[PDB]
Amino acid sequence: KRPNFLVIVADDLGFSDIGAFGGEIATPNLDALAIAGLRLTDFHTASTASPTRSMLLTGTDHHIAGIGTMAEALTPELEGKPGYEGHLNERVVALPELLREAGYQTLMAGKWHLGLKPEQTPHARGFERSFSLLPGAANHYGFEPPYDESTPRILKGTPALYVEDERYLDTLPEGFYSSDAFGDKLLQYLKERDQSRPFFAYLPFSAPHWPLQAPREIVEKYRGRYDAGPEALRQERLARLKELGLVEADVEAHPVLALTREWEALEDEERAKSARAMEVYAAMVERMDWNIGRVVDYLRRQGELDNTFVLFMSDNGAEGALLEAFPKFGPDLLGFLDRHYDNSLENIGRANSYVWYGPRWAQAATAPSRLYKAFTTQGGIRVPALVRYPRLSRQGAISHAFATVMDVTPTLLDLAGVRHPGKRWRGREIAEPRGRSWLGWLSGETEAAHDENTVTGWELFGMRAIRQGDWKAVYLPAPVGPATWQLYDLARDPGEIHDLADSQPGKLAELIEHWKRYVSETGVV
Ligand SMILES: [Ca+2]
């Protein structure tokens, strides 16, 4: 009996946000899956959305698969470079393409971020039914600003661009809210399925990505919950992570780094607005979980859930960016929002608000890790993940076994009984996976899918990392870092605090040789 797959991806959700990962946010559906399943604490993505998604659906690195950098960041200089096409390219075959030609029904509702053009949509790349937001973000209610010369580039790049199969949509339905619409559509496609054949269901939410927006009735459940601020929260999260066994009691958390004012330096009005942004975030996460519950509860009542491999993950670390801090996102983002949105306290969270919660709230959720989204430190690339599938032996536990998002395609092919086609598919050259199937590990035959000699690289925006076993070197250029390689023993120092470059040069030099091979093999520019 071939299993079904349900692959759920949160957008910018933090490590300790979910209850079963140490958080205060109501996530009852995900908690039940997590505690019955396997919770992963050493599972990694890339540091932002589209790199990670290209890896998820191929089993190889984003510099091969077409998102060598984010499409939104491409330059004339990068044009023509293999794997910097700005969309999922044809140097790869996608997981749904392989499963569909083997009898699986491929169903998707959510954010794509792997191409905007017709030949790059889910319908072109293996999904028989799909309801999708093509860009990397959008207003969750479909409220659009005017688009003219004056519009900030970050808003120009995030329109509410939706497609259903081949149909680029003209209007969005009344009551549109991104998470609810994705739950509604995937539920529709499941109810309409051929019940005599398995499905591959992909549920990439755009929540809890900015702009932070959620139903007022849910935000109201969190009124006052965050009045003590993001460092009080970080302390609550760290304590809970340790109580639950997700982090060891002796772990030294990375200090919090922000150019903004600390909570106690803020004025009452400023704190109230920041706390409300976190209340709205919490509601986004709760409402995402509610929609997950609708899908999972349907499958449960169908008697399909126990034969469904359920994977939940976030796509990168929590979002600590200050969007106002980047001229590339402008011009004049704050002024534009002042003149076109209403970010006053009582409107934060509504369709015509536009807020993001900033670096201190983000680092509460990445703690004890260093930094957050778009960095190659663990705060950017270690994300929460769970697997619920009762056939497998390793269930009910917390695992600190090393894993990455590139392992997912090989694992699901393995479970599906489908071989990766090798180096050719549909008359073209394609890449072979760099990840490894989890089935030996999850069946109890081995302790992990990787070992102390496994080598994994990362690069984005000029930031780098290279890992072998539990040794990891990081390169952060100015003014994000010292502009030289730093070396961490993640087994002793998960916070990437103690730079061993000077005391262990032999190890660093080994990892630099691995970095150079990673560059060569994947086409890093
Ligand atoms: Ca993301």
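Residues numbered from 1 in each chain as written, not as in the entry; some residues may be left out. Heavy atoms only, no water. Residues with missing side-chain atoms left out of burial classes, pairs and counts.

For this coordinate set, the PDB header names X-ray crystallography as the determination method and states a resolution of 1.3 Å.

## Section: the overall build of the protein
Helix and strand counts for the protein stand at 15 helices and 18 strands. Against the globule reference of 24 Å for 525 residues, the protein gives a C-alpha radius of gyration of 22 Å, in line with a compact fold. For the protein, the spread of C-alpha atoms along the principal axes amounts to about 60 × 60 × 50 Å. (Helix = DSSP H or I, 4+ residues; strand = E, 2+ residues; numbered from the N terminus. Rg over C-alpha atoms; globule rule 2.2 N^0.38 Å.)

## Concerning the pairing of strand β18 (residues 485-489)
Across the 5 residues that make up β18, a large majority, 5, are buried. What you see with β18 is no split at all: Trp485, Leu487 and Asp489 on one side and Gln486 and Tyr488 on the other are buried throughout. Note: strand β17 (residues 471-475) against β18, 5 bridges, orientation antiparallel. Bridge pairing links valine 474 to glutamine 486 in β18. (Buried < 20%, exposed > 50% of the residue type's maximum accessible area, 1.4 Å probe, protein only. Pairing = 2+ DSSP bridges.)

## Side note on the coordination of the calcium ion
Looking at the calcium ion, one finds its protein donor set to be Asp11 (OD), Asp12 (OD), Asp315 (OD), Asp315 (OD) and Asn316 (OD1), positioned 2.2 to 2.6 Å from the metal centre. Each donor residue of the calcium ion belongs to the same chain, and together they define the spacing D-D-x302-D-N. Placement of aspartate 11 in the loop between β1 (4-10) and α1 (28-36) and of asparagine 316 in the loop between β9 (308-314) and α10 (333-340) is noted, with a sequence separation of 305 residues between them. In this pair, the class of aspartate 11 matches that of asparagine 316, namely buried. (Donors = N, O, S within 2.8 Å, 3.2 Å for Na, K, Ca; no water.)

## Quick look at the side chain of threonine 409
Here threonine 409 is to be found in helix α13 (residues 408-416). Residues contacting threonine 409, with those up to four places away along its chain left out, are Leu56, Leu57, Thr58, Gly59 and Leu95. (Contact = heavy atoms within 4.5 Å.)

## Structural notes on the pattern of salt bridges
Pairing of side chains with opposite charge becomes possible as their charged atoms draw close. Per the stated rule, a full pass over the model turns up 32 salt bridges. Between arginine 237 and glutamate 24 there is a salt bridge, with the nearest N and O atoms lying 2.8 Å from each other. Residue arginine 237 is found in helix α8 (residues 229-244), and its partner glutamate 24 is found in the loop between β1 and α1; the two are separated by 213 residues along the sequence. Several salt bridges share partner residues, and in doing so they unite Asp11, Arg53, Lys111 and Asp315 into one network. (Salt bridge = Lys/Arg side-chain N within 4 Å of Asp/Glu carboxyl O.)

## Quick notes on the domain arrangement of the protein
One frequent convention defines the size of an interface as the accessible area lost when the parts assemble. Here the protein is described as being made up of domain 1 (1-448) and domain 2 (449-525). Each of domain 1 and domain 2 has a C-alpha centre, and the two are 25 Å apart. Listed per partner, the contact involves 44 residues of domain 1 and 32 residues of domain 2. Those elements that provide at least two residues to the side of domain 1 that touches domain 2 are α3 (62-65), α12 (378-381) and β12 (403-404). When residues of the side of domain 1 that touches domain 2 are assigned to their parent elements, the largest contribution, 3 residues, is made by α3. For the side of domain 1 that touches domain 2, a count of residues per class yields 21 nonpolar, 15 polar and 8 charged. (Domains from an automatic or database assignment. Nonpolar A, V, L, I, M, F, W, Y, C, P; charged D, E, K, R; others polar.)

## A word on the environment of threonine 48
Examined against the element boundaries, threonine 48 turns out to sit in the loop between β3 (43-44) and α2 (49-56). Overall, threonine 48 belongs to the buried group, its relative accessible area being 3%. Counting along the chain gives 43 residues from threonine 48 to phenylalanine 5, while the straight-line C-alpha distance between them is 24 Å. Among all residues touching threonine 48, those that are not within four sequence positions of it are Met70, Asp315, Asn316, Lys373, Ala374, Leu460 and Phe461.

## Here we look at the packing of helix α6 (residues 178-191) against helix α9 (residues 268-301)
Between α6 and α9, the least distance of the axes is 9 Å, while the angle of their chain directions is 10 degrees. In terms of orientation, α6 lies roughly parallel with respect to α9. Contacts between α6 and α9 involve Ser179, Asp180, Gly183, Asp184, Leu186, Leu187, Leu190 and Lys191 on the former and, on the latter, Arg287, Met288, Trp290, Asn291, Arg294, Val295, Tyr298 and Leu299. Here the contact of α6 with α9 is composed, by residue class, of 8 nonpolar, 3 polar and 5 charged. (Axes fitted to C-alpha atoms, helices over the stretch in contact; angles between N-to-C directions. Parallel < 35°, antiparallel > 145°, perpendicular 65-115°, else oblique.)

## Side note on α1
Residues of α1 that are buried include every one of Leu30, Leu33 and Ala34, and no others. The buried residues of α1 occupy an angular sector of 100 degrees when projected down its axis, which confines them to one face. What points out from α1, more than 90 degrees from its buried face, is the exposed set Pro28 and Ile35. Contact partners of the buried residues in α1: β2 (38-40), α9, β9 and β10 (385-388). (Arc of directions from axis to C-beta.)

## Some details on the packing of aromatic side chains
Per the counting criterion, the structure on display carries 28 aromatic pairs. Ring plane angle 65 degrees and centroid distance 5.8 Å describe the contact between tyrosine 475 and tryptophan 485, whose orientation is recorded as edge-to-face. Here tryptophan 485 lies in strand β18 and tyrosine 475 lies in strand β17, a separation of 10 residues in the sequence. Judged on exposure class, the residue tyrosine 475 and its partner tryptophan 485 are both buried. In this structure an aromatic cluster arises from ring pairing among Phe5, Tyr104, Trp112, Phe127, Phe200, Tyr202, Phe309 and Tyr389. A cation sits over an aromatic face here: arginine 225 above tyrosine 226, 5.8 Å from the ring centre. The ring of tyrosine 475 carries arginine 464 above its face, with NZ or CZ at 4.0 Å from the centroid. (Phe/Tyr/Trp six-rings, centres within 6.5 Å; stacked < 30°, edge-to-face > 60°. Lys NZ or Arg CZ within 6 Å of the ring centre and 35° of its normal.)

## Observations concerning the sheet that holds β17
Spatially, 4 strands are ordered β15-β16-β17-β18 in an open sheet, and the strand pairing comes out antiparallel. Every interior strand has two partners, whereas the edge strands, β15 (455-460) and β18, have only one. Neighbour-to-neighbour, the strand axes of this sheet turn through a mean angle of 15 degrees, independent of strand direction. Where strand β16 (residues 463-468) lies against β17, 5 bridges are found, and the strand directions are antiparallel. Bridged to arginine 467 within β17 is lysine 472. Against the sheet, helix α15 (residues 505-522) contacts β15, β16, β17 and β18, and its axis sits at roughly 110 degrees relative to β16.

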